[PDB]
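Methodologically, a virtual Cβ is constructed for each residue, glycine included, from the backbone with ideal geometry; neighbour enumeration extends over all protein chains shown. Read-outs: derived from the displayed coordinates by stated rules, not from any lab.
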Ligand SMILES: [Hg+2]
Ligand SMILES: [Hg+2]
Ligand SMILES: [Hg+2]
Ligand SMILES: [Hg+2]
Ligand SMILES: [Hg+2]
């Protein structure tokens, strides 16, 4: 019972909530803002994203690999709030008024960093946050699942306030988020007490270097998954960047796609959370490769089925699919890698693939798409990618590591012993 009476948690669980609320604003209703407010084109919206990644690549490495040597000092994660402070002004006064104010290239860029206060940041947050509750102990797997209510809830009500007014919203971005978020930095915690008074006494560190990667580039198990991720991911994550202006049309007004598109993500959280608190064994029984393979066919169905969307309702089910696979793509991504590759390579794997590869591919495939959408329409563009996507999955069938090699009852045991 070191929670109801204890602080940090009862605190860093709020900051952790009041953050995602900012998400529930940004990441869902961005395209809408762009298209529906800045009447911005489909081959140009593309650029926005294409641009982002470059900084969700160009940052996660500088960030991520800093936060370590930061300690329990809040310095980084403080100058992240000094952004989510200036949300409104930026967005209304300099983002769109640079985008819309036609001069695009040059400005997208000059506004693709407050893109990091989410992608690079979010982890930089979560990460730093646990060390906060690795010290004043409790477990945060009960603290984050506190901050996962803010996005769910932040979604619905922003869909509503967006129609009421697409701008009141950019003001809860600052208040709703900044002030409180950073006011939750006055009760803050520090100074190392009955364990680890240096970065080596109790809590170690997980490093990566040159020659490991050179041994990874060596390993084939990589090249094949490195494919599955670059092929069937970068891909499907394009479909999702703009599968909103597609969703919207189908309905009566604008207060439809919107007021209700939000209504779905939201009603598609529980469905996601209640699936996962479950997914573990579901996976360690179903294997790993298959847990991705499953994750695969779905997202591919999703893409494909979208090139056929003739009904609004449809796109409403074509949606539920999404948060119906992220668990498997996520839980799968793990229980697999850590089952086919060396513990030492681990973290490395998550750069040689994620913070570096997909982010590159995804960067281009956003523009290939960007244009393409406006060449055969979402639908047609959709008939392309989706097919491409579902194409790699089939391959990957042969490309991925077996469910039981020569040492699974000898090389892997970590959750068992
Ligand atoms: Hg907010
Ligand atoms: Hg791709
Ligand atoms: Hg969650
Ligand atoms: Hg993942
Ligand atoms: Hg990177």
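Quick notes on this structure:
- For region 266-341 versus region 18-42, the gap between their alpha-carbon centres in whole angstrom: 24
- Counting other Cβ atoms within 10 Å as a rough exposure proxy, the listed residues 259, 142 run 142, 259 from fewest neighbours to most.
- Amide N of region 286-300 lying under 17 Å from the label point, which is placed 7 angstrom from the Cα of residue 321 along Cα→Cβ: 292-300
- Exposure proxy ranking, count of Cβ atoms within 10 Å, fewest first, for 303, 164: 164, 303
- With a simple spin-label model that places each label point 7 Å from the Cα along the Cα-to-Cβ direction, the separation between residue 113 and residue 273 comes to 3.5 nm.
- Estimated FRET transfer efficiency (residue 416, residue 360; beta-carbon r; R0 22 Å; 0.05): 0.05
- The ranking of 134, 144 from fewest to most other beta carbons within 10 Å of each one's beta carbon is 134, 144.
- Length released on extending from residue 76 to residue 312, taking residue separation times 0.36 nm less the Cα-Cα span: 80.6 nm
- The chain - mean residue ellipticity at 222 nm from DSSP helices (-39,500 (n - 2.57) per run, n ≥ 4, rounded to 500): -16500 deg cm²/dmol
- Label reach from residue 206 (point 7 Å along Cα→C-beta): in region 371-412, no amide nitrogen lies under 15 Å.
- Relative pair counts by distance (%), Cα atoms of the chain, 10 Å bins: 4, 20, 31, 28, 14, 3, 0
- Paramagnetic reach from residue 387 in region 298-331 [backbone N under 19 Å; point 7 Å along Cα→Cβ]: 298-310
- Extension gain, residue 199-residue 2: 0.36 nm per intervening residue step, less the Cα-Cα distance, totals 68.4 nm.
- Extension gain, residue 376 back to residue 126 (0.36 nm per residue minus Cα-Cα distance, nm): 86.0 nm
- Label-to-label distance for residue 142 and residue 62 is 3.9 nm, based on points extended 7 Å past Cα in the beta-carbon direction.
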